[PDB]
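Just below is one structure, and these are the notes that go with it.
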Amino acid sequence: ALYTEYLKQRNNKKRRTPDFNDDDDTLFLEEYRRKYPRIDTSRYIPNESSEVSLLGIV
Amino acid sequence: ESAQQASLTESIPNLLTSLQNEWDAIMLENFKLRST
Amino acid sequence: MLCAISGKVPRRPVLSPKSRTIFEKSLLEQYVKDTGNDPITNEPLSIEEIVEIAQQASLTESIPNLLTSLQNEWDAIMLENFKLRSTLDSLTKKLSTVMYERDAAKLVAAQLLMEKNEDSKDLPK
Amino acid sequence: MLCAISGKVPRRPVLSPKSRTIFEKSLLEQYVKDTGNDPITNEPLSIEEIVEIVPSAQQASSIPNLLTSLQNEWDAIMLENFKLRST
Amino acid sequence: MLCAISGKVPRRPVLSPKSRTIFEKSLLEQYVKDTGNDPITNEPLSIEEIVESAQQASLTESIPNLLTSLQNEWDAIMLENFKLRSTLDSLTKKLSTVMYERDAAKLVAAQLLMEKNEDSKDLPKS
Amino acid sequence: XXXXXXXXXXXXXXXXXXXXXXXXXXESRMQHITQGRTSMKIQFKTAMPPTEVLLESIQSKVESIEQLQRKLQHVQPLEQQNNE
């Protein structure tokens with residue numbers, strides 16, 4: 001049905017935008033951005049540690 | 001009874017953009033393969 | 001039923017012999033590779049020490065929605081991990097405020113004992 | 001959810017640390033007192049060797065099975081693509 | 001990528017069907033002609049047992065590789081929870097003993113404030 | 001024994017009060033957003049430096065790896081016509 005109609009199901013376009021002084025809803029959305037940004041910055045650390053060695057091996 | 005894939009530098013996208021593309025690419029290929 | 005590391009139902013559980021505890025094979029291995037120890041008892045344990053030791057399949061219900069479920073569940077776990085860490089920092093923080101008062105109080109007792117000692121001398125005279 | 005001596009649902013699942021097989025505390029204890037051995041493999045085993053009682057501690061009693069379900073459906077996707085390509 | 005017998009990059013790789021390992025044909029052939037065995041496990045193997053369809057593949061990159069990625073994510077985050085569950089059980093245990101020593105001591109502060117003032121109340125009157 | 005149980009019971013009561021003060025929250029919201037703005041700043045600056053450092057080294061290796069992938073797609077397409 002997805003291929004026939006030529007329409008992909010929409011994903012969560014939420015984390016990217018958000019807004020300060022929101023409510024209890026944006027309090028969650030804010031706290032989401034922190035944990036994923038810390039996971040992000042940890043996910044970039046173990047890549048850079050090896051760096052280009054892991055890439056050129058593949 | 002090892003393979004290495006270098007996880008992209010911009011690796012949110014794994015949940016949203018990458019996973020979306022995978023089920024698009026699976027969907028539109030098999031449909032086109034059924035057409036073939 | 002539950003592996004005592006993550007909280008999952010283990011799909012290849014392994015038990016440690018230094019401390020009676022069924023862990024999951026993946027998680028216990030990572031810990032041993034970090035430091036050769038048991039996570040609960042901190043006893044010297046190795047990978048060869050482990051002895052490899054219900055499966056009921058989840059039938060969600062009657063696919064585009066399942067995409068948004070997995071999104072929500074990761075979105076929830078991210079906050080359920082966050083909330084549990086700020087609470088740890090503030091329970092340690094409020095604990096540190098108690099330690100200052102504990103040691104500050106036992107200095108104030110020393111002056112109060114002197115005032116009692118001074119009084120006992122005057123009463124005898 | 002079954003003992004490996006009688007076949008009952010174990011209310012206190014203890015396991016021997018020589019052959020991985022979950023018994024019940026009553027039956028395995030009676031086997032050890034009979035002869036100091038593991039009933040399945042006939043290896044050396046004692047009462048102190050057994051790990052008794054449930055394990056939940058610093059754990060708390062979803063998510064992981066969703067990924068398992070995602071694998072299971074993909075497993076079909078591959079199987080279908082093969083038979084479609086053969087023809 | 002390597003041959004397990006020599007350690008070179010094999011220019012004609014043939015995989016055995018008793019000890020699964022990629023050997024160089026020219027090397028393994030001589031090993032079989034010496035004695036009918038697999039070099040690693042020492043199980044029987046002949047030359048016909050050694051082996052050098054229509055679905056096209058693409059290289060292993062960042063669906064299956066994406067699913068195994070999300071295991072690494074969660075399995076690592078599960079250990080992150082232990083670091084805070086275990087550390088919480090030490091802090092709360094030290095807090096419990098700290099608040100108990102506070103509750104056991106403050107009864108003695110209350111009595112010394114009574115006794116030192118009572119000794120001042122007693123002595124000054126005399 | 002009695003002193004040990006009275007401390008374990010009180011510790012469970014304070015633990016329930018700590019889980020209750022956390023469940024109600026999820027003034028205060030402005031501080032968390034600013035904490036993120038520090039993170040967003042600090043982290044994304046690190047990310048952009050880690051990215052551009054990687055990109056400089058890895059966009060070359062991407063092209064190397066990605067132009068090699070295109071060779072499989074032609075090495076395959078010829079393979080079938082020859083088999084056919």
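Starting from 1 in every chain, residues are counted up; chains themselves are A, B, ... following the order of the structure tokens, and ligands are numbered from 1 as listed.
By chain and then residue number, the residues within 12 Å of residue 80 (chain F) are residues 53, 54, 55 and 56 of chain E; 73 and 74 of chain F, counting only C-alpha atoms and disregarding those fewer than 6 positions away in sequence.
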Export of the given selection (N, CA, C and O atoms) as an mmCIF file, in the first residue's frame:
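Just written: result25.cif:
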```
data_model
loop_
_atom_site.group_PDB
_atom_site.id
_atom_site.type_symbol
_atom_site.label_atom_id
_atom_site.label_comp_id
_atom_site.auth_asym_id
_atom_site.auth_seq_id
_atom_site.Cartn_x
_atom_site.Cartn_y
_atom_site.Cartn_z
ATOM 1 N N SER E 53 24.049 -16.396 -5.833
ATOM 2 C CA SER E 53 23.267 -17.101 -6.856
ATOM 3 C C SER E 53 22.608 -16.135 -7.852
ATOM 4 O O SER E 53 23.180 -15.858 -8.910
ATOM 5 N N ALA E 54 21.418 -15.636 -7.513
ATOM 6 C CA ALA E 54 20.695 -14.678 -8.366
ATOM 7 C C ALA E 54 20.312 -13.360 -7.658
ATOM 8 O O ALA E 54 20.144 -12.340 -8.329
ATOM 9 N N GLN E 55 20.157 -13.381 -6.330
ATOM 10 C CA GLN E 55 19.862 -12.161 -5.572
ATOM 11 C C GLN E 55 21.129 -11.304 -5.482
ATOM 12 O O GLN E 55 22.172 -11.782 -5.040
ATOM 13 N N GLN E 56 21.044 -10.047 -5.919
ATOM 14 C CA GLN E 56 22.208 -9.150 -5.899
ATOM 15 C C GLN E 56 22.343 -8.524 -4.506
ATOM 16 O O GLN E 56 21.355 -8.116 -3.904
ATOM 17 N N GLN F 73 27.832 -2.363 -8.417
ATOM 18 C CA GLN F 73 26.561 -2.249 -9.124
ATOM 19 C C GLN F 73 26.703 -2.408 -10.636
ATOM 20 O O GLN F 73 25.728 -2.771 -11.296
ATOM 21 N N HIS F 74 27.900 -2.142 -11.177
ATOM 22 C CA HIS F 74 28.209 -2.401 -12.578
ATOM 23 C C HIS F 74 28.866 -3.763 -12.780
ATOM 24 O O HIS F 74 28.652 -4.394 -13.813
#
```
Counting only C-alpha atoms, a student should be able to say which residues of chain F come within 9 Å of chain C; what is the right answer, written as a compact mmCIF listing (two decimals) with N, CA, C and O atoms, in the first residue's frame?
```
# COMPACT_ATOMS: atom_id res chain seq x y z
N UNK F 18 10.90 10.68 47.40
CA UNK F 18 11.80 11.11 46.32
C UNK F 18 11.27 10.74 44.96
O UNK F 18 11.52 11.46 43.98
N UNK F 19 10.58 9.60 44.88
CA UNK F 19 9.92 9.16 43.63
C UNK F 19 8.63 9.90 43.36
O UNK F 19 8.16 9.93 42.21
N UNK F 22 9.57 13.57 41.99
CA UNK F 22 10.08 13.47 40.62
C UNK F 22 8.97 13.24 39.60
O UNK F 22 9.04 13.76 38.48
N UNK F 23 7.95 12.48 39.99
CA UNK F 23 6.81 12.16 39.10
C UNK F 23 5.89 13.35 38.86
O UNK F 23 5.23 13.41 37.82
N UNK F 26 7.73 15.99 36.02
CA UNK F 26 7.68 15.45 34.65
C UNK F 26 6.26 15.21 34.21
O UNK F 26 5.70 15.99 33.43
```
Find the residues around region 35-45 of chain F up to 12 Å (only C-alpha atoms counted), leave out those fewer than 4 positions away in its own chain, and share them as a ChimeraX atom specification.
-> /A:16,18-20,27,29-45 /B:10 /F:28-31,49-53
Any idea which chain B residues end up within 7 Å of chain E if we count only C-alpha atoms, as a ChimeraX atom specification please?
-> /B:1,5-7,22
Considering only C-alpha atoms, return as an mmCIF file with C-alpha atoms, in the first residue's frame whatever protein or nucleic-acid residues lie within 12 Å of region 96-108 of chain C, sequence-local ones (same chain, fewer than 3 positions apart) excluded.
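Contents of out13.cif, as written:
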```cif
data_model
loop_
_atom_site.group_PDB
_atom_site.id
_atom_site.type_symbol
_atom_site.label_atom_id
_atom_site.label_comp_id
_atom_site.auth_asym_id
_atom_site.auth_seq_id
_atom_site.Cartn_x
_atom_site.Cartn_y
_atom_site.Cartn_z
ATOM 1 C CA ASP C 89 22.710 13.678 42.134
ATOM 2 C CA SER C 90 20.231 15.470 44.426
ATOM 3 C CA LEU C 91 20.028 12.624 46.982
ATOM 4 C CA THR C 92 23.841 12.731 47.193
ATOM 5 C CA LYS C 93 23.644 16.553 47.361
ATOM 6 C CA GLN C 111 30.968 24.372 73.873
ATOM 7 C CA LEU C 112 27.791 23.198 75.643
ATOM 8 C CA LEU C 113 29.804 20.687 77.681
ATOM 9 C CA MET C 114 32.185 23.504 78.690
ATOM 10 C CA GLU C 115 29.223 25.569 79.923
ATOM 11 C CA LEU E 91 24.116 6.944 49.013
ATOM 12 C CA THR E 92 20.743 5.960 50.499
ATOM 13 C CA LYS E 94 24.892 6.264 54.002
ATOM 14 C CA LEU E 95 21.949 8.691 54.246
ATOM 15 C CA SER E 96 19.985 6.196 56.375
ATOM 16 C CA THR E 97 22.866 5.820 58.836
ATOM 17 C CA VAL E 98 23.571 9.576 58.684
ATOM 18 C CA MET E 99 19.979 10.605 59.459
ATOM 19 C CA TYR E 100 19.879 7.961 62.238
ATOM 20 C CA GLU E 101 23.048 9.382 63.823
ATOM 21 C CA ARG E 102 21.471 12.856 63.425
ATOM 22 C CA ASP E 103 18.252 11.652 65.085
ATOM 23 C CA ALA E 104 20.197 9.878 67.851
ATOM 24 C CA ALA E 105 22.450 12.915 68.490
ATOM 25 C CA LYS E 106 19.821 15.737 68.457
ATOM 26 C CA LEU E 107 18.168 14.200 71.544
ATOM 27 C CA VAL E 108 21.495 14.760 73.342
ATOM 28 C CA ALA E 109 21.753 18.374 72.090
ATOM 29 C CA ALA E 110 18.255 18.934 73.523
ATOM 30 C CA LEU E 112 22.578 19.525 77.182
ATOM 31 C CA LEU E 113 20.748 22.742 76.274
#
```
Any idea what's packed within 12 Å of residue 81 (chain E), counting only C-alpha atoms, ignoring anything in its chain fewer than 6 positions away? Could you give it as a ChimeraX atom specification?
-> /C:4-7,77-78,80-85,88 /D:58-60 /E:74-75,87-88
Could you give me, as a PyMOL selection string, each residue of region 1-68 of chain E that DSSP assigns to strand (DSSP E) when run on this structure's backbone?
-> chain E and resi 13-15+22-24
Print the selection's residues with C-alpha atoms to a file, as a PDB file, in the first residue's frame.
```
ATOM      1  CA  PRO E  13      40.220 -18.640  -1.463  1.00  0.00           C
ATOM      2  CA  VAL E  14      38.447 -21.960  -0.856  1.00  0.00           C
ATOM      3  CA  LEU E  15      36.375 -22.547   2.296  1.00  0.00           C
ATOM      4  CA  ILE E  22      39.005 -19.440   4.464  1.00  0.00           C
ATOM      5  CA  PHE E  23      42.156 -21.176   3.155  1.00  0.00           C
ATOM      6  CA  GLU E  24      44.217 -20.493   0.017  1.00  0.00           C
TER       7      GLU E  24
END
```
Taking into account only C-alpha atoms, which residue in the set D:84, D:22, D:27, D:14 is nearest to chain E?
-> D:84
Can you tell me which residues surround region 63-78 of chain D at a distance of at most 10 Å, considering only C-alpha atoms, apart from same-chain residues fewer than 6 positions away, and format the answer as a short mmCIF file (atom, residue, chain, number, x, y, z; two decimals) with N, CA, C and O atoms, in the first residue's frame?
```cif
data_model
loop_
_atom_site.label_atom_id
_atom_site.label_comp_id
_atom_site.auth_asym_id
_atom_site.auth_seq_id
_atom_site.Cartn_x
_atom_site.Cartn_y
_atom_site.Cartn_z
N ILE B 26 12.93 -0.77 0.94
CA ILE B 26 12.41 -2.13 0.94
C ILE B 26 11.06 -2.18 0.22
O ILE B 26 10.80 -3.11 -0.56
N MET B 27 10.23 -1.18 0.50
CA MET B 27 8.87 -1.12 -0.05
C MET B 27 8.84 -0.91 -1.58
O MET B 27 8.24 -1.71 -2.31
N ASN B 30 10.57 -4.02 -3.85
CA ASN B 30 9.79 -5.24 -3.99
C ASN B 30 8.53 -5.03 -4.82
O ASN B 30 8.09 -5.95 -5.52
N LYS C 8 15.79 -6.66 31.56
CA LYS C 8 15.16 -7.46 30.49
C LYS C 8 14.85 -8.87 30.96
O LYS C 8 15.30 -9.30 32.03
N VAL C 9 14.07 -9.59 30.15
CA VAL C 9 13.93 -11.03 30.28
C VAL C 9 15.03 -11.66 29.43
O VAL C 9 15.06 -11.46 28.22
N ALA C 57 6.15 -15.16 23.15
CA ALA C 57 6.27 -14.13 22.12
C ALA C 57 5.18 -13.06 22.25
O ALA C 57 4.03 -13.39 22.51
N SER C 58 5.58 -11.80 22.10
CA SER C 58 4.66 -10.66 22.23
C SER C 58 3.90 -10.53 20.92
O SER C 58 4.51 -10.37 19.86
N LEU C 59 2.57 -10.59 20.98
CA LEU C 59 1.74 -10.40 19.79
C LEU C 59 1.05 -9.03 19.90
O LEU C 59 -0.13 -8.96 20.24
N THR C 60 1.80 -7.97 19.62
CA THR C 60 1.34 -6.59 19.82
C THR C 60 -0.17 -6.43 19.69
O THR C 60 -0.86 -6.04 20.65
N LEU C 66 3.34 1.06 14.40
CA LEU C 66 4.47 0.42 15.09
C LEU C 66 5.77 1.22 14.97
O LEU C 66 6.67 1.04 15.80
N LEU C 67 5.88 2.04 13.92
CA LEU C 67 7.01 2.95 13.76
C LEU C 67 6.99 4.00 14.86
O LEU C 67 8.01 4.28 15.50
N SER C 69 5.32 3.82 17.66
CA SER C 69 5.39 3.18 18.98
C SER C 69 6.85 3.13 19.44
O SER C 69 7.20 3.60 20.55
N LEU C 70 7.69 2.55 18.59
CA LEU C 70 9.12 2.44 18.83
C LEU C 70 9.77 3.81 19.05
O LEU C 70 10.76 3.91 19.80
N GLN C 71 9.24 4.84 18.38
CA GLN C 71 9.67 6.22 18.58
C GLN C 71 9.32 6.70 19.98
O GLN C 71 10.17 7.30 20.66
N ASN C 72 8.09 6.44 20.41
CA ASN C 72 7.58 6.85 21.71
C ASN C 72 8.28 6.10 22.85
O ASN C 72 8.55 6.69 23.90
N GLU C 73 8.57 4.82 22.62
CA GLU C 73 9.18 3.98 23.65
C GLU C 73 10.63 4.35 23.91
O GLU C 73 11.10 4.27 25.05
N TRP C 74 11.36 4.70 22.84
CA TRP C 74 12.71 5.26 22.98
C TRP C 74 12.67 6.66 23.58
O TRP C 74 13.55 7.03 24.35
N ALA C 76 10.44 7.64 25.70
CA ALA C 76 10.07 7.46 27.10
C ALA C 76 11.24 6.96 27.93
O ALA C 76 11.47 7.46 29.03
N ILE C 77 11.97 5.98 27.40
CA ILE C 77 13.13 5.40 28.09
C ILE C 77 14.24 6.42 28.29
O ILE C 77 14.98 6.35 29.28
N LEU D 84 11.06 -14.58 -4.90
CA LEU D 84 10.62 -13.68 -5.95
C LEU D 84 11.71 -13.49 -7.00
O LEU D 84 11.40 -13.41 -8.19
N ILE E 63 19.31 -2.49 6.66
CA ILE E 63 18.30 -2.72 7.71
C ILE E 63 18.83 -3.60 8.86
O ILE E 63 18.60 -3.25 10.01
N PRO E 64 19.51 -4.73 8.54
CA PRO E 64 20.01 -5.62 9.59
C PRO E 64 21.14 -5.01 10.42
O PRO E 64 21.21 -5.22 11.63
N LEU E 67 19.58 -2.60 12.81
CA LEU E 67 18.89 -3.24 13.93
C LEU E 67 19.87 -3.71 15.00
O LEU E 67 19.59 -3.59 16.20
N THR E 68 21.00 -4.27 14.57
CA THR E 68 22.07 -4.64 15.49
C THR E 68 22.73 -3.43 16.14
O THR E 68 23.34 -3.56 17.20
N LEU E 70 20.95 -0.71 17.10
CA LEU E 70 20.03 -0.33 18.17
C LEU E 70 20.09 -1.25 19.40
O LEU E 70 19.63 -0.87 20.47
N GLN E 71 20.64 -2.46 19.22
CA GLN E 71 20.95 -3.33 20.35
C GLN E 71 22.10 -2.76 21.16
O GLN E 71 22.02 -2.70 22.38
N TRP E 74 20.91 0.21 23.31
CA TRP E 74 20.12 -0.13 24.48
C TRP E 74 20.92 -0.94 25.48
O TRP E 74 20.80 -0.71 26.69
N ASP E 75 21.73 -1.88 25.00
CA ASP E 75 22.56 -2.72 25.86
C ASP E 75 23.62 -1.93 26.62
O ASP E 75 24.03 -2.35 27.71
#
```
Sorted by chain and rising residue number, list the residues of chain E at most 6 Å from chain C (counting only C-alpha atoms), each with its closest atom pair and distance in Å to one decimal, as CSV.
```
residue,atom,partner,partner_atom,distance
E:78,CA,C:6,CA,4.5
E:95,CA,C:95,CA,5.8
E:116,CA,C:116,CA,4.8
E:119,CA,C:119,CA,5.8
E:123,CA,C:123,CA,6.0
```
Create the file for the chosen residues now, containing N, CA and C atoms and written as a short mmCIF file (atom, residue, chain, number, x, y, z; two decimals), in the first residue's frame.
```cif
data_model
loop_
_atom_site.label_atom_id
_atom_site.label_comp_id
_atom_site.auth_asym_id
_atom_site.auth_seq_id
_atom_site.Cartn_x
_atom_site.Cartn_y
_atom_site.Cartn_z
N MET E 78 21.60 0.23 29.28
CA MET E 78 21.17 -0.63 30.37
C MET E 78 22.25 -0.73 31.45
N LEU E 95 22.93 7.70 53.81
CA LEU E 95 21.95 8.69 54.25
C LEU E 95 21.13 8.14 55.41
N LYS E 116 22.70 22.58 80.80
CA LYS E 116 23.61 23.72 80.94
C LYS E 116 22.87 25.00 81.34
N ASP E 119 21.72 24.37 85.01
CA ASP E 119 22.86 24.62 85.90
C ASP E 119 23.11 26.11 86.09
N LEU E 123 22.45 27.76 89.71
CA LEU E 123 23.58 28.43 90.32
C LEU E 123 23.34 29.92 90.56
#
```
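Here CA of residue 44 (chain E) is placed at a distance of 9.2 Å from CA of residue 32 (chain E).
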Residues of chain A in helix (DSSP H, G or I) according to DSSP, as a PyMOL selection string?
-> chain A and resi 2-5+24-43+45-50+53-57
Using only C-alpha atoms, find the residues of chain A whose closest atom to chain B is at most 10 Å away, then write them as a VMD selection string.
-> chain A and resid 1 to 4 6 to 13 15 to 16 33 36 to 37 40 43 to 44 47 to 48 51 to 58
Just N, CA, C and O atoms for this one: save the residues we selected as a CSV table (one decimal), in the first residue's frame.
```csv
chain,number,residue,atom,x,y,z
A,1,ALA,N,0.8,-1.2,0.0
A,1,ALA,CA,0.0,0.0,0.0
A,1,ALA,C,0.9,1.3,0.0
A,1,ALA,O,0.5,2.2,-0.6
A,2,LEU,N,2.0,1.2,0.7
A,2,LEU,CA,2.9,2.3,0.8
A,2,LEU,C,3.6,2.6,-0.5
A,2,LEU,O,3.8,3.7,-0.9
A,3,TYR,N,3.9,1.5,-1.2
A,3,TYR,CA,4.6,1.5,-2.5
A,3,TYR,C,3.7,2.0,-3.6
A,3,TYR,O,4.0,2.7,-4.5
A,4,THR,N,2.4,1.4,-3.6
A,4,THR,CA,1.4,1.7,-4.6
A,4,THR,C,1.0,3.2,-4.5
A,4,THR,O,0.9,3.9,-5.5
A,6,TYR,N,2.6,5.6,-3.1
A,6,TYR,CA,3.8,6.5,-3.2
A,6,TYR,C,3.9,7.5,-2.0
A,6,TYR,O,4.1,8.7,-2.2
A,7,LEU,N,3.7,6.9,-0.8
A,7,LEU,CA,3.7,7.8,0.4
A,7,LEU,C,4.3,7.0,1.6
A,7,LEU,O,3.8,5.9,2.0
A,8,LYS,N,5.4,7.5,2.1
A,8,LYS,CA,6.1,7.0,3.3
A,8,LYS,C,5.4,7.5,4.6
A,8,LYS,O,5.0,8.7,4.6
A,9,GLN,N,5.3,6.6,5.6
A,9,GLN,CA,4.6,7.0,6.8
A,9,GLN,C,5.5,8.0,7.6
A,9,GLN,O,6.7,7.8,7.7
A,10,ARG,N,4.9,9.1,8.1
A,10,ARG,CA,5.6,10.2,8.8
A,10,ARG,C,6.2,9.8,10.1
A,10,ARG,O,5.6,9.1,10.9
A,11,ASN,N,7.4,10.2,10.3
A,11,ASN,CA,8.2,10.0,11.6
A,11,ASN,C,8.0,11.1,12.5
A,11,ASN,O,7.3,12.1,12.2
A,12,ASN,N,8.7,11.0,13.7
A,12,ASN,CA,8.6,12.0,14.7
A,12,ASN,C,9.4,13.3,14.4
A,12,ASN,O,10.6,13.4,14.8
A,13,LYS,N,8.8,14.3,13.7
A,13,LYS,CA,9.4,15.6,13.5
A,13,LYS,C,9.0,16.5,14.7
A,13,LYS,O,8.1,17.3,14.6
A,15,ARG,N,11.6,16.5,18.0
A,15,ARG,CA,12.9,16.7,18.7
A,15,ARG,C,13.7,17.9,18.1
A,15,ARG,O,14.4,18.6,18.9
A,16,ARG,N,13.6,18.2,16.8
A,16,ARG,CA,14.4,19.2,16.1
A,16,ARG,C,13.9,20.7,16.4
A,16,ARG,O,14.8,21.5,16.7
A,33,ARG,N,16.0,16.4,24.5
A,33,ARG,CA,17.1,17.0,23.7
A,33,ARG,C,18.5,16.9,24.5
A,33,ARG,O,19.5,16.7,23.8
A,36,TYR,N,19.8,12.9,24.6
A,36,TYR,CA,20.2,12.5,23.2
A,36,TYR,C,21.4,13.3,22.8
A,36,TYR,O,22.2,12.8,22.0
A,37,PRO,N,21.6,14.6,23.2
A,37,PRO,CA,22.8,15.3,22.9
A,37,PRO,C,24.0,14.8,23.7
A,37,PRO,O,25.1,14.9,23.2
A,40,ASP,N,24.8,11.7,21.9
A,40,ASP,CA,25.4,12.1,20.7
A,40,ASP,C,26.8,12.4,20.8
A,40,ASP,O,27.7,12.0,20.1
A,43,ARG,N,28.6,9.4,21.4
A,43,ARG,CA,28.6,8.7,20.2
A,43,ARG,C,29.6,9.2,19.1
A,43,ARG,O,30.0,8.6,18.2
A,44,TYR,N,30.0,10.5,19.3
A,44,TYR,CA,31.1,11.1,18.5
A,44,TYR,C,32.5,10.9,19.0
A,44,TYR,O,33.4,11.1,18.3
A,47,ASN,N,33.9,7.4,18.0
A,47,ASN,CA,34.2,7.4,16.6
A,47,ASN,C,35.6,8.1,16.3
A,47,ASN,O,36.4,7.6,15.5
A,48,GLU,N,35.8,9.2,16.9
A,48,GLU,CA,37.0,10.0,16.8
A,48,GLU,C,38.2,9.4,17.4
A,48,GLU,O,39.3,9.6,17.0
A,51,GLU,N,38.9,7.0,14.7
A,51,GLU,CA,39.0,8.0,13.7
A,51,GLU,C,38.9,7.3,12.3
A,51,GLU,O,37.9,6.7,12.0
A,52,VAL,N,40.0,7.5,11.5
A,52,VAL,CA,40.0,7.1,10.1
A,52,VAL,C,40.5,5.6,10.0
A,52,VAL,O,40.4,5.0,8.9
A,53,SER,N,41.0,5.0,11.1
A,53,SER,CA,41.5,3.6,11.1
A,53,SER,C,40.4,2.6,10.9
A,53,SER,O,40.5,1.7,10.2
A,54,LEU,N,39.2,2.9,11.5
A,54,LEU,CA,38.0,2.1,11.4
A,54,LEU,C,37.4,2.2,10.0
A,54,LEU,O,36.8,1.2,9.5
A,55,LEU,N,37.6,3.3,9.4
A,55,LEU,CA,37.0,3.6,8.0
A,55,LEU,C,37.8,2.9,6.9
A,55,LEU,O,37.3,2.2,6.1
A,56,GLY,N,39.1,3.1,7.0
A,56,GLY,CA,40.1,2.5,6.0
A,56,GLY,C,40.2,1.0,6.1
A,56,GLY,O,40.7,0.4,5.2
A,57,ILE,N,39.9,0.5,7.3
A,57,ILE,CA,39.9,-1.0,7.5
A,57,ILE,C,38.7,-1.6,6.7
A,57,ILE,O,38.8,-2.7,6.2
A,58,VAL,N,37.6,-0.9,6.7
A,58,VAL,CA,36.4,-1.3,5.9
A,58,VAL,C,36.6,-1.0,4.4
A,58,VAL,O,36.0,-1.8,3.6
```
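Between CA of residue 49 (chain D) and CA of residue 15 (chain D) the separation is 8.8 Å.
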Using only C-alpha atoms, determine which residues of chain D fall within 7 Å of chain E; present them as an MDAnalysis selection string.
-> chainID D and resid 58 82 85:86
File dump, residues just selected, C-alpha atoms, as an mmCIF file, in the first residue's frame:
```cif
data_model
loop_
_atom_site.group_PDB
_atom_site.id
_atom_site.type_symbol
_atom_site.label_atom_id
_atom_site.label_comp_id
_atom_site.auth_asym_id
_atom_site.auth_seq_id
_atom_site.Cartn_x
_atom_site.Cartn_y
_atom_site.Cartn_z
ATOM 1 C CA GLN D 58 18.995 -3.502 42.004
ATOM 2 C CA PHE D 82 14.674 -14.651 -2.492
ATOM 3 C CA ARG D 85 14.114 -13.261 -7.451
ATOM 4 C CA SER D 86 14.570 -16.975 -8.210
#
```
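The interatomic distance for the pair CA of residue 83 (chain E) and CA of residue 28 (chain A) works out to 23.3 Å.
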